[PDB]
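Quick reminder, even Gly has a Cβ in these numbers, built from the backbone with ideal geometry, and neighbours come from all protein chains shown. The numbers here are math on the coordinates, done by the rules we state, and not lab data.
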Amino acid sequence: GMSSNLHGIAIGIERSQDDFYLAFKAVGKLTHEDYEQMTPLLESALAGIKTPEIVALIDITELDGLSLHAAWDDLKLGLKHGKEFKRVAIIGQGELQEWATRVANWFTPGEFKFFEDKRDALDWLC
Amino acid sequence: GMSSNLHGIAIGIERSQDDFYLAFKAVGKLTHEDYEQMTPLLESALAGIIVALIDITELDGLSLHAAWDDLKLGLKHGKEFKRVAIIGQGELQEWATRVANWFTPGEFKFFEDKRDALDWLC
Ligand SMILES: [Cl-]
Ligand SMILES: [Cl-]
Ligand code: NA
Ligand code: NA
């Protein structure tokens with residue numbers, strides 16, 4: 001009964017033309033340890049920001065899900081930093097993920113919008 | 001970043017002379033999915049079978065959700081285990097075993113060598 005599944009969150013700051021954006025790529029089944037590894041970089045990225053200025057891209061194309069603890073870490077990060085994001089582009093596949101993006105958008109102050117194409121997402125995002 | 005750590009639980013019935021025990025090996029950082037893969041096997045074993053052996057030499061720990069599944073399993077089934085040999089290394093794992101022993105109705109004892117453990121286990 002063993003398993004060696006690939007998972008994690010990649011975080012970076014990317015560029016599209018003359019705009020910088022915060023990029024995430026969530027892969028596999030996320031754990032609390034994954035949120036822990038990513039949190040200091042996120043805190044570094046948002047240092048000094050107290051207004052809705054940030055735009056982010058979150059690629060969930062290879063995301064399987066979140067552990068229970070990870071789901072709580074995620075909500076904690078949203079409660080703590082979410083107001084600082086004005087727009088969030090979600091990149092995934094299918095209508096069920098589109099629907100989940102619309103549900104997230106209802107809950108959040110920043111504008112969340114779903115895409116399948118990165119170039120479309122970046123055009124809207126920045 | 002990315003990772004692909006090995007984790008899981010091996011379970012099965014084993015022999016020591018003309019005598020049997022339930023063997024567990026806990027590897028890595030255990031998750032809820034690991035507990036769900038393992039539970040139906042544990043139940044079939046208990047319907048068919050008590051003393052057990054738990055190898056923690058390669059155990060890192062349990063996720064929050066898994067610690068809960070684990071406690072749920074101990075509350076349901078631990079009374080059925082009269083003796084539990086914990087196979088591990090070091091005094092921190094021994095201490096953890098002694099703490100577990102205090103909490104539980106069966107006798108839990110720490111060993112470094114499987115052969116020494118099986119002599120006491122059955
Ligand atoms: Cl977790
Ligand atoms: Cl879990
Ligand atoms: Na929103
Ligand atoms: Na005990």
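Restricting to chain A, compute how many DSSP beta bridges are antiparallel as a %, nearest 5.
30 percent
Have a look at B:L6, B:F81, B:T39 and report the one farthest towards the positive end of the charge dipole of chain B, computed about the Cα centre with Cβ charges (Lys/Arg +1, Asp/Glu -1).
B:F81
Determine the distance separating the Cα centre of region B:1-51 from the Cα centre of region A:79-117; give it in Å without decimals.
Value for the Cα centre distance between the two parts: 40 Å.
Å³ per residue of the Cα convex hull, for chain A? Kindly include the intermediate steps, with their values, before the conclusion.
On the way: hull volume 14.1 nm³, N = 126.
Spread over its residues, the Cα hull of chain A gives 112 Å³ apiece.
Calculate the dipole size of the protein assembly as shown relative to its Cα centre from +1 charges on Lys and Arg beta carbons and -1 charges on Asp and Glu beta carbons; express the result in debye to the nearest 20.
With only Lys, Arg, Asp and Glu charged at Cβ, the dipole is about 580 debye.
Please give the FRET efficiency for B:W102 paired with B:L6, using the beta carbon to beta carbon distance and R0 = 25 Å, rounded to the nearest 0.05.
Step by step, r from the Cβ atoms, then E = 0.20.
Calculated from DSSP H runs of 4 or more alone, at -39500 (n - 2.57) each and per residue, what is the 222 nm mean residue ellipticity of chain A, nearest 500? The partial results should precede the final answer.
Details: 4 runs with 49 residues, N = 126.
Calculated mean residue ellipticity at 222 nm is -12000 deg cm²/dmol.
Compute the Rg to Rh ratio over the protein assembly as shown from the alpha carbon atoms, using the Kirkwood formula for Rh, and round to two decimal places.
My calculation of the ratio gives 1.12.
Measure up A:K76/B:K72; A:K29/B:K82; A:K80/B:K72; A:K29/A:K80; A:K25/A:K113; A:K80/A:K113 against 25 Å on the Cα-Cα distance and list the ones that go over. It would help to have the intermediate numbers written out before the result.
Details: A:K76/B:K72 27 Å; A:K29/B:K82 37 Å; A:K80/B:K72 33 Å; A:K29/A:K80 23 Å; A:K25/A:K113 16 Å; A:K80/A:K113 21 Å.
Distance filter (> 25 Å) returns A:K76/B:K72; A:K29/B:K82; A:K80/B:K72.
Where does the charge balance sit around B:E33 when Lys and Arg score +1, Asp and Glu -1, over other residues with C-beta under 14 Å from its C-beta?
-3
Which angle between 0 and 90 degrees, to the nearest 10, do you get for helix A:68-81 versus the longest principal axis of chain A when only C-alpha atoms count?
20 degrees
How large is the charge dipole for chain B, taken about the Cα centre, if only the Cβ atoms of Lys, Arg (+1) and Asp, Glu (-1) carry charge, to the nearest 20 debye?
So the dipole magnitude of chain B works out to roughly 280 debye.
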